[PDB]
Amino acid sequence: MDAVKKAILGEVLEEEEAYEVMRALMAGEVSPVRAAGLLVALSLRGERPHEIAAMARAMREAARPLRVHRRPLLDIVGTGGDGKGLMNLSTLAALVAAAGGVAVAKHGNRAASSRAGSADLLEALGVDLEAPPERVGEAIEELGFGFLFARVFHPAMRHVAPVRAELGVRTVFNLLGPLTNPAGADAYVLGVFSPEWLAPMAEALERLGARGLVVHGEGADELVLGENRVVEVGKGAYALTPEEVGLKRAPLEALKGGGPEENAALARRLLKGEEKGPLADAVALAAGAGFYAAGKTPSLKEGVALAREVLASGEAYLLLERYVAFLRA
């Protein structure tokens, strides 16, 4: 029986079938009606780690090829859809990590008509999102940082997004986004929207041959200055608080930021080491987890300590401008 019909029927898909269904979606072989039915059936059934990993493979394989030598290669990405609208700090944590000596290939996208997306912020900072995949790869090899704009690497998403937007609910694609880095990143600080996804996503990463931390910060799909929950690949689960790594707490509101126009100005002051409020602490936290995930520092605390020093030096801003100029003719 057809793999898509089987999914629509709500039956659990075997690894091969799950891969086939995603391959067809990415190949533009599934009508919107069936894509819609398929996605609803999976979100209601509860996608399993083996299905998740296999579909992740189908997606990666369908993307525009790009190979990078730099290793370890870190990515600080989230599943999105936490439903809170805080300032995406992953992008800034990525720049901090790259400035700190870790090769980074940050997977990102635009905020669905919200302008609060990583892509939106970088562009506002001077990043020409039109740069071909080859040039981005070159930036990763030479500068140690690259921003992988999902539109550029995943053509089929132009046809999937409308289906997702109309369904208006979370689907398997929220999980696959972080698991489909098109540069082959192998170290992660992957945030999820609900704690129920920490364990299964950690296994998904392990299945894909990756490592790092899967995190969740009190409802948010990113580390916050509160009672974070974490799951380490190759290790287990545990809580991570600010005080534990030398940082003090602060309400989520302190990490809300503001309008897409205001976020850009903040980013600059943050990367320069000018801004030193709760935003600078949450950036250090995620960057620290990155340093640790990629093996740059032996512990999370030393990772955060490095991130604060890097952030305070302003070198992360010099890297951003270096990258901006690198993409220009």
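Numbers for residues come from their place in the sequence shown, where the first is 1.
Participant: Quick check: 254 to 262 versus 222 to 230, which has the larger average CA B-factor in the record?
Facilitator: Comparing 222 to 230 with 254 to 262, the higher mean C-alpha B-factor belongs to 254 to 262.
Participant: Could you settle it for me: does 39 to 47 or 288 to 296 have the higher average Cα B factor in the PDB entry?
Facilitator: Averaged over C-alpha atoms, the B-factors run higher in 39 to 47.
Participant: Highest Cα B-factor in the deposition, which of 185, 163, 213, 129?
Facilitator: In this record, 129 carries the highest C-alpha B-factor of the candidates.
Participant: Among 137, 100, 117, 178, which residue carries the highest C-alpha B-factor recorded in the PDB entry?
Facilitator: 117 has the highest C-alpha B-factor of those listed.
Participant: Among all modelled residues of this chain, ranked by Cα B factor, put residue 275 in the bottom, middle or top third, i.e. lowest, middle or highest.
Facilitator: Answer is highest: the recorded C-alpha B-factor places it there.
Participant: Sorting the chain's modelled residues by C-alpha B-factor, tell me whether residue 267 ends up in the lowest, middle or highest third.
Facilitator: Ranked within chain, residue 267 CA B lands in the highest tercile.
Participant: Ranking the modelled residues of this chain by C-alpha B-factor as given in the entry, is residue 146 in the lowest, middle or highest third?
Facilitator: Within its chain, residue 146 is a lowest-third residue by C-alpha B-factor, going by the deposited values.
Participant: Taking the chain's C-alpha temperature factors as the reference, tell me which third residue 123 falls into: lowest, middle or highest.
Facilitator: CA B-factor rank for residue 123: highest third.
Participant: If you rank every modelled residue in this chain by C-alpha B factor, which third holds residue 85: lowest, middle or highest?
Facilitator: Its C-alpha B-factor, which the entry lists for residue 85, ranks in the highest third among residues of this chain.
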